[PDB]
Amino acid sequence: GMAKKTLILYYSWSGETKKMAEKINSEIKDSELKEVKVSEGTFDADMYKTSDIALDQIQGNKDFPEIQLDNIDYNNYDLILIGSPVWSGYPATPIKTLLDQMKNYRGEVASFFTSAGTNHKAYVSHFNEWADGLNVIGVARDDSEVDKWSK
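Quick note on PDB author numbering: the sequence shown kicks off at 1 and runs consecutively.
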């Protein structure tokens, strides 16, 4: 058979990327919205902790927390969007592990950012460095280039 499906993975707290993800599921034929959780924290305090500062996993740390999600096989979709914050160049490493699972994907990679306060141009170049082995076709903010990450 055949079907180009789409998928939207969006890492952030309850509110942040939620608004910016739910729209896109509704602008694309045969798209969907899945969760990116993290490992760790949990038994540390009342709730998790593995994001309490921006520049954690970058400079002074290097080792980073793992990801969690459901039993999803990227091979069953043809288009994959990725959503995350930015404020000092690259202060997150959620997508790192996921990109390294996607090694046998067939289809297209885009990665929308939902932040720009002091860091725009850097992130575009920085994401390249931390993806460089998957097929990327655009790197923009918001949902204003989804019309090509589909066509």
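For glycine and all other residues, C-beta sits at the position ideal for the given N, C-alpha and C.
Rounded Cβ spacing between residue i and residue j (contact assumed at less than 8 Å)
i: residue 88; j: residue 54; result: 5 Å
i: residue 28; j: residue 6; result: 5 Å
i: residue 136; j: residue 113; result: About 13 Å; that fails the 8 Å criterion.
i: residue 149; j: residue 81; result: 7 Å
Where the alpha helix (DSSP H) through residue i begins and ends
i: residue 125; result: 121-129
i: residue 97; result: 95-101
i: residue 20; result: 16-25
Straight-line gap, residue i to residue j (C-alpha atoms, nearest Å)
i: residue 132; j: residue 64; result: 19 Å
i: residue 69; j: residue 31; result: 17 Å
i: residue 110; j: residue 47; result: 31 Å
i: residue 129; j: residue 115; result: 19 Å
Residue span of the beta strand (DSSP E) that contains residue i, given as start and end
i: residue 152; result: A query on residue 152 cannot be resolved here, the shown segment of the chain reaching from 1 to 151 and no further.
i: residue 137; result: 136-138
Identity of the residues DSSP links to residue i by a beta bridge
i: residue 82; result: 9
i: residue 57; result: DSSP, once it has assigned bridges, lists no residue as partnering residue 57.
i: residue 113; result: 84 and 141
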